[PDB]
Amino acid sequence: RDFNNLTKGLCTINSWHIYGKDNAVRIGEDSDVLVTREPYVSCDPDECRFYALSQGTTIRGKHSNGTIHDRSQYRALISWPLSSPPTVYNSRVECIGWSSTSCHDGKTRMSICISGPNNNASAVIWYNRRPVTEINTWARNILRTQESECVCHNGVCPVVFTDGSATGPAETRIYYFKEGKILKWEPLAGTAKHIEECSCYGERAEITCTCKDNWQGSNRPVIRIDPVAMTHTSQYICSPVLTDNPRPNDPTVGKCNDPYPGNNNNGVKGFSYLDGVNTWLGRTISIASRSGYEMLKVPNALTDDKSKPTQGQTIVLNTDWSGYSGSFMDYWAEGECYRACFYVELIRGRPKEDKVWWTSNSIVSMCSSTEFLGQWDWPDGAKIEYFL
């Protein structure tokens, strides 16, 4: 109809309720489920769907051998009905590639897929299910993007890309697209020293992105975008409640403008909702591996370098595998506020479970409740032994 505008603020997050779970690995032990990784969720005005990067093979298929690898010519961004598994028969290919983002602007959807060899990748921006724009690698070193939904305001949908080293300074760019065309792009500015895989959400005409500093930071870089002025800033979550993985133990004081040190060249896509006292941080429980997942209410985390948790909710037990996590919201729901939501990627197989030769995942996702709901843990649920 008309382009959606971020006119609402976030609903008060007093807890998280179960939103969607596909049990993909369990079901896929005996049905035609595609092998995936890098999933996310994204809504259209009339439906919300699960998204991910297929490996172009089923889990039980012999081609599942080797799917620990990240970039091949057999991957594609696919979407499928909420809480169903990604099957060969119900998955819709949005575009071909090994890194992606997607978002609906209120009128139609924009999907971006990057493909190519490491030194010659290119992104192709689809709008209304047609290719409209292409961008060639500018640093010749794995052009890559969000791996979760972008956000739009009045037709403008900003997207964060990075090209260059994963263990040194790289060239991050913020592109402002409208109808799949480039209106403008900026180089990254601010104090964030390295940016990868931004998780974004919007409220009151502002887009907040919690990304990852693969190079040096265990605290997360944050990019705030003004989609009207098409400008942005960057910093790190000041809080001592560190949210990357692997990471060192929590200090009593964090860092606002520098990566918090202790772990180099590694990390996991993550997210946060930064809204004053209504601030919630997600993170793996383990400081060493992609194990467990919890939400922690850390009032003023973004700006308070001594902020610590005041409430929390366990999502995945530390004795269960987690993975990537990101933000999304149904901007077309009823009500006066936007209900914060997120998904957690539950990785199964390699490298942690090497008795099988594949790597895949299932999805669990939650949204906020103004109620103080009881908690449950939500594991993948599959028995690897069955796949042997």
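Numbers for residues come from their place in the sequence shown, where the first is 1.
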So 211-219 or 106-114, which one's hotter by mean CA B-factor in the entry? 211-219
For the C-alpha atoms alone, is the average B factor greater in 95-103 or in 173-181, going by the entry? 173-181
Out of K355, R339, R348, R26, which shows the largest CA B-factor listed in the entry? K355
Of the residues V33, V344, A333, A52, the one whose Cα carries the largest B-factor in the deposited record is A333
Chain-wide C-alpha B factor ranking for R37, given as lowest, middle or highest third: lowest
Hey, what third does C238 fall into on Cα B-factor, ranked over its chain? highest
Quick tally, chain-level thirds of C-alpha B-factors: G326 sits in the lowest
What third of its chain's C-alpha B-factors does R144 belong to: lowest, middle or highest? lowest
Position of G56 among the chain's modelled residues by C-alpha B-factor, lowest, middle or highest third: lowest
